[PDB]
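Written below as structure tokens is the structure these notes are about.
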Amino acid sequence: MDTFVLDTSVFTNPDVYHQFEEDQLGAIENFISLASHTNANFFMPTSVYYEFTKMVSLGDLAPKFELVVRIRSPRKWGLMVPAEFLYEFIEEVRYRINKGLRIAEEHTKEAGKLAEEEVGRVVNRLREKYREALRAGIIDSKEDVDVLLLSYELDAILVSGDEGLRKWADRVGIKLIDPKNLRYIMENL
Amino acid sequence: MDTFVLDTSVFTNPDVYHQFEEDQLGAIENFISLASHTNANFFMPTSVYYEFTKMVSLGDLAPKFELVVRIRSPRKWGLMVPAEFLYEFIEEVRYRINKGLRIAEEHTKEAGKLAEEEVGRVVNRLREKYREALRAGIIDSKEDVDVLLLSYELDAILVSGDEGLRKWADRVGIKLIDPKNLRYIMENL
Amino acid sequence: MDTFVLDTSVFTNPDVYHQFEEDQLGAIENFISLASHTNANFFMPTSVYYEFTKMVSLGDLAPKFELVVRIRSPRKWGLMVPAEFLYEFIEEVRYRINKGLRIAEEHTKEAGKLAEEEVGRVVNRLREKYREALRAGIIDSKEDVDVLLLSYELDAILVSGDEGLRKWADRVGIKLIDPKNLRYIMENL
Amino acid sequence: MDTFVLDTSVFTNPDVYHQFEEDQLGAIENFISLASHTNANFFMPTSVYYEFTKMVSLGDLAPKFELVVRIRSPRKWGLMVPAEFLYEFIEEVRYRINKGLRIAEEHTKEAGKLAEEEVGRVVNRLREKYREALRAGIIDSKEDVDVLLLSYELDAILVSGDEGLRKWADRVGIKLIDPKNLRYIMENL
Amino acid sequence: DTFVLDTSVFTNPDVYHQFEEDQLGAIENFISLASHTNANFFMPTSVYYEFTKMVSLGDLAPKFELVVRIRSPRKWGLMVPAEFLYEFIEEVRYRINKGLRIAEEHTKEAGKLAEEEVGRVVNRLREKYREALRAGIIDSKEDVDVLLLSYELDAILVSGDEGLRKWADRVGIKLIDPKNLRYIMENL
RNA sequence: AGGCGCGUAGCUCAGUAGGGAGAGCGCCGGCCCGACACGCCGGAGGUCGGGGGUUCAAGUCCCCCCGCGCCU
Ligand SMILES: [Mg+2]
Ligand SMILES: [Mg+2]
Ligand SMILES: [Mg+2]
Ligand SMILES: [Mg+2]
């Protein structure tokens with residue numbers, strides 16, 4: 001009766017998969033072993049599926065995981081989204097673009113007075129700061145769009161460990177859940 | 001009747017408005033005089049007009065401009081956009097973000113081998129590279145969305161000296177035009 | 001009241017445009033002069049316009065052509081075509097694919113017996129046979145699909161000098177016309 | 001509850017049926033014996049069954065094969081397809097046709113400087129290159145279209161060793177699964 | 001699973017040779033087997049009429065109607081695609097032209113023999129007309145009655161004919177092999 | 001219907017805990033001879049096949065594309 005759209009952050013972010021076990025290949029295995037007793041459907045987008053399988057390495061786990069989870073792409077030709085989504089997204093992207101320029105300038109001035117020493121450390125700091133400024137708390141990849149559209153079309157409960165995905169998911173129409181509560185709600189059902 | 005949607009680039013880009021007259025204000029006056037005798041309608045989004053008035057010294061010409069040209073706002077509440085548009089936009093945004101990160105890394109590495117003096121030239125080059133990498137060939141401001149939605153809603157010919165605006169207007173099916181042929185079109189309509 | 005989607009062949013095939021004038025750079029001028037008095041709407045796809053302006057040195061006439069004709073791209077995100085248009089198209093392509101392989105083998109055998117000094121004639125014959133066996137009587141380019149969809153969604157009268165496109169336009173229900181009587185139709189409308 | 005639409009590649013490709021037994025007849029017999037206990041419905045297009053029976057000699061297997069697998073053709077009279085699918089198919093087909101024409105031109109040149117000796121191996125190389133250039137990675141038959149349409153209509157899990165079929169099925173939103181996992185699914189469901 | 005029976009199942013010798021080599025024990029064997037298999041057997045009531053006229057069945061009709069079910073398709077609540085009529089019209093026109101050609105050929109061939117061997121010529125014309133206008137196509141209303149009973153019940157059509165399986169495949173209906181009917185019934 | 005492997009100077013390759021882009025050869029200067037050469041100083045020689053990603057650092061680690069060969 002209930003459908004759950006899954007994202008790779010469930011099996012990637014440490015804070016969310018610790019419900020089952022304190023190990024990636026143990027938490028995934030425990031999720032597999034008990035999801036077969038749940039009276040619910042599980043759906044994962046196709047793009048995020050191989051994104052997941054290229055991040056984590058599975059042995060005798062891909063067969064069972066494909067058995068319990070139905071991989072399927074959204075039907076991205078009959079789906080429509082409001083024009084207010086585009087406005088907010090483009091304004092947020094423009095706001096975050098200017099912030100990246102400031103960080104780049106600050107790091108190019110900081111490294112401009114070090115005289116060829118510890119420049120690598122400045123680059124390491126710049127990478128983290130720029131990535132956090134540009135790709136944190138927002139939808140950044142087409143995989144997030146795929147998850148959003150699958151949740152929209154299928155009218156399911158989105159289970160995502162991210163933070164920017166939940167914001168836009170609740171923005172459009174999607175019902176969400178706390179990923180820390182998966183092992184309880186999905187066990188009771 | 002023929003309806004046109006104007007943009008800032010018509011009076012901003014010199015290559016566009018040189019068909020009227022060499023100087024900006026003279027070209028705008030020529031455009032006003034020609035449009036006062038043309039059997040056609042002209043529109044411009046409210047935010048686009050706001051940025052036009054605060055960028056150009058529109059003195060003694062604002063009354064005539066508001067006379068010939070009608071300033072409107074897109075009705076975003078009753079407008080919907082395809083999902084593939086958002087998909088392509090997000091993919092392009094991610095690609096440009098990666099390009100900007102590469103440019104920032106290159107410029108910070110360059111500035112680390114040049115000591116505390118002459119850093120300003122490196123910063124200026126970093127700005128002129130990052131802005132062109134992240135804002136050329138794509139819709140970046142919320143006024144471009146206003147131009148796109150007003151043209152898509154009024155079924156009007158879009159006039160714009162930009163290149164990303166035309167690129168993303170061909171993606172939705174908006175009638176376009178060459179900005180340098182506008183004058184000859186207005187003298188025969 | 002009447003919409004006429006145009007194709008490149010109208011200005012490319014000598015027999016089609018001889019109804020206007022004997023020269024390709026004079027027939028277009030006559031068409032623009034006549035279409036300025038016709039009580040009908042004209043349309044050409046964006047890609048078709050790009051291809052037409054690339055194969056013809058449109059100088060001093062492009063403003064006149066854009067004054068009369070409307071350049072617009074189809075909104076293919078909503079249109080649904082029947083599966084029978086795709087099933088009965090895939091078989092034709094596969095049948096033509098096997099024909100090209102036989103032609104290539106025949107020409108390789110024919111070039112292997114002369115063995116010298118005449119490979120150019122064999123190459124030219126292979127080019128012509130391959131082109132006529134895979135690009136004759138069927139829709140091949142993506143511009144033809146653009147014309148088809150623009151005529152379908154606008155419910156317009158297709159005016160194309162092709163035969164491979166006019167045959168598949170009938171398969172959808174598009175009001176086809178004979179391209180050699182465009183001038184008489186325009187002169188009375 | 002679950003539905004599986006099979007393709008000929010499941011029993012033809014050695015890398016797929018080796019999970020059953022190292023023998024085509026043995027693999028088919030093992031699949032038939034195992035499918036009699038699983039809680040799933042298997043379907044195959046009629047045009048695909050024709051090709052399957054024309055490539056394998058089934059003795060005492062076809063009566064057993066018809067026991068488990070329900071042969072049925074797609075009901076294509078009421079199955080709309082997206083218009084952008086046709087656009088991608090046309091552009092990719094044109095790309096591959098252009099790629100094969102130059103392959104044929106290269107091979108006729110290579111055979112035109114070798115005399116009447118060793119022409120057969122050149123012809124064989126031309127055949128292999130033409131096949132892999134114009135057929136690999138694309139939908140190239142009406143059997144594949146039947147599998148895709150049947151899977152779309154019944155909302156089933158598409159099983160097929162062909163990768164072009166899966167790649168073009170992902171564009172429509174069909175539940176795709178890895179063929180090599182198929183066996184493990186059957187003893188689990 | 002539900003099947004749809006036809007006259008050709010019990011009239012064509014190659015079809016009922018699975019049960020017995022006699023068209024009065026094949027039906028008995030089919031009834032005995034169907035009294036054990038877990039399946040539903042349906043046949044249109046317009047098809048059961050032909051099964052009773054062309055075949056004289058006695059002491060077996062009670063068993064048959066006990067183990068088989070008879071119903072007519074509810075054609076008042078059914079729809080047919082519009083391109084079915086196009087294919088049917090084209091095939092009918094082509095077959096009509098072929099039949100006219102055959103009739104002309106058989107008239108010209110007998111116009112040379114004057115009054116001699118006319119009966120054999122007429123018999124040959126009968127056979128040619130039958131095999132050129134009533135083979136490989138739906139011709140009677142008892143064929144549409146089989147097509148619409150499986151289109152509406154989602155059943156596996158069982159028929160020894162060839163013109164039934166050419167148009168049953170054109171509207172997406174399951175198609176069993178008529179010679180294997182005994183085996184699957186044994187396993188179901 | 002697929003799986004295995006290779007792409008590094010004028011040619012054929014050695015190249016990895018990621019911390020050089022070189023060589024056996026061809027060979028213009030060189031040594032080497034009264035004398036281009038032999039043993040023997042070395043010029044010159046780059047798309048590490050093309051795009052990206054992760055790292056202070058990529059021929060190396062990770063994905064896509066192109067080309068050349070072996071097994072079904
Ligand atoms: Mg992701
Ligand atoms: Mg064309
Ligand atoms: Mg195939
Ligand atoms: Mg196939």
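Labels for the structure tokens follow display order: chains A, B, ..., residues from 1 in each chain, ligands from 1.
Proximity to chain D at a cut-off of 12 Å picks out residues 1, 2, 3, 66 and 72 of chain F on chain F, counting only C-alpha atoms (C1' of nucleotides).
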Inset, instruction - Could you give me, as an MDAnalysis selection string, every polymer residue with an atom at most 6 Å away from an atom of ligand 3, counting only C-alpha atoms (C1' of nucleotides) and all ligand atoms? - result: chainID D and resid 139:140 144
Chain C residues within 10 Å of chain A, counting only C-alpha atoms: which ones, as a PDB file with C-alpha atoms, in the first residue's frame?
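The new file out.pdb reads:
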```
ATOM      1  CA  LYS C  76       7.781  18.340 -28.519  1.00  0.00           C
ATOM      2  CA  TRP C  77       7.485  17.875 -24.738  1.00  0.00           C
ATOM      3  CA  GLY C  78       3.713  17.368 -24.919  1.00  0.00           C
ATOM      4  CA  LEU C  79       3.047  15.819 -28.316  1.00  0.00           C
ATOM      5  CA  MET C  80       2.312  12.086 -28.372  1.00  0.00           C
TER       6      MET C  80
END
```
Legend entry - All strand (DSSP E) residues (DSSP, backbone) inside stretch 39-184 of chain D, as a VMD selection string: chain D and resid 40 to 44 69 to 71 80 to 82 157 to 159 175 to 176
Inset, instruction - Please provide as a ChimeraX atom specification all residues within 8 Å of residue E:160, with the sequence filter that same-chain residues fewer than 5 positions apart are discarded (counting only C-alpha atoms (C1' of nucleotides)). - result: /E:6,8-9,12,15,178
